[PDB]
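The block underneath contains the structure these notes are about, expressed in structure tokens.
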Amino acid sequence: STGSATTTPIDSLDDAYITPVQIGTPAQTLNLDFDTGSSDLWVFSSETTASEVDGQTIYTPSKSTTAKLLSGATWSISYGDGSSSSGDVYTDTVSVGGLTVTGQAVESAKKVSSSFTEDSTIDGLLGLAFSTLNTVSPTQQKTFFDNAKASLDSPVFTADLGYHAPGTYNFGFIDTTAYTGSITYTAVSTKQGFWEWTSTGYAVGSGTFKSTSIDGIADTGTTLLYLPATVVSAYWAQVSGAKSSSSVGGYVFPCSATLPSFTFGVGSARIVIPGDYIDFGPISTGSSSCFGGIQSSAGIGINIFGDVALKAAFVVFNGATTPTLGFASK
């Protein structure tokens, strides 16, 4: 089997992407944030504290003839941005772009933190990291991809995120029309549960490529590109007036600037992030200070190849017995 679904930016900045997902019988369609940095499929639901729902579409398990309470199971998750959610668990039928999994753990939120409430466009998350990170207790649950893998034509999914435009998540096949040149594959460590890999270096604008190993994670659920402070300083030093602002929480730059591109290495190959992809717009409405899309990871503990980087590429998440990542230009 295969599946193919369009993923759409939630706003004019590409802060996140939502993909429609059918849950239950009859189908209830929710728009979920596909997140290769986590491993829980959780939804706003009829069980979510009413004051914490503000415009999201909810899953109502009592209206699904295929929903079954996973008795005793609870979940609770905290994300790198400080947001969180928790609740109980049903199993139900879940379909993405025509690919159907029966018995998928659907984690029903009883509580969500304010950032989720405040984002009316995201009805939940669909985790695509390794199932070892799934938070369901006492019986850890598998991701949608893990459950689907055996049925897929090939044990892969691909992320093709758009810049200010829709893109595609495919399951079970590699669309050879969706990228240019060849796909370069690189090793993955699953030791932390992430799609963790080592970039071979970087370049700023037309500058020379610096060969240096940068370990990080391919994370569709993180907006920006988070890299070591040395690398980020070298990038922003090429932008007149750019500075790190403790009050804003990162590098800002004059909105009048034209940003240089940023290149990252995948083996001997190179992925170029156009400068425009690094512009996240005014820090507050009407400001002439703009927020940068490349930020330091120094306070995180891990480097994160988030959407800023991934949307410059066609990305293969290869879930073969030894997982690997593939990147192609597009």
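We're sticking with Swiss-Prot numbering for chain A, so the shown stretch reads 90-419, in order.
Determined via X-ray crystallography, 1.2 Å.
Cβ atoms here come from the backbone N, Cα and C positions, even for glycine.
Per Swiss-Prot, the features are as follows:
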DOMAIN    106-417  domain 'Peptidase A1'
ACT_SITE  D124  active site
ACT_SITE  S288  active site
DISULFID  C344-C379  disulfide bond
In terms of DSSP three-state secondary structure, what is the assignment for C379 (disulfide bond)? strand
Candidate recorded positions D124, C344, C379, pick with smallest Cα gap to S288 (active site): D124
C344 (disulfide bond) falls, by DSSP collapsed to helix, strand or coil, into coil
Minimum Cβ neighbour count within 10 Å among the recorded positions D124, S288, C344, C379: which residue? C344
In whole Å, note down how far the CA of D124 (active site) lies from the CA of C379 (disulfide bond). 26
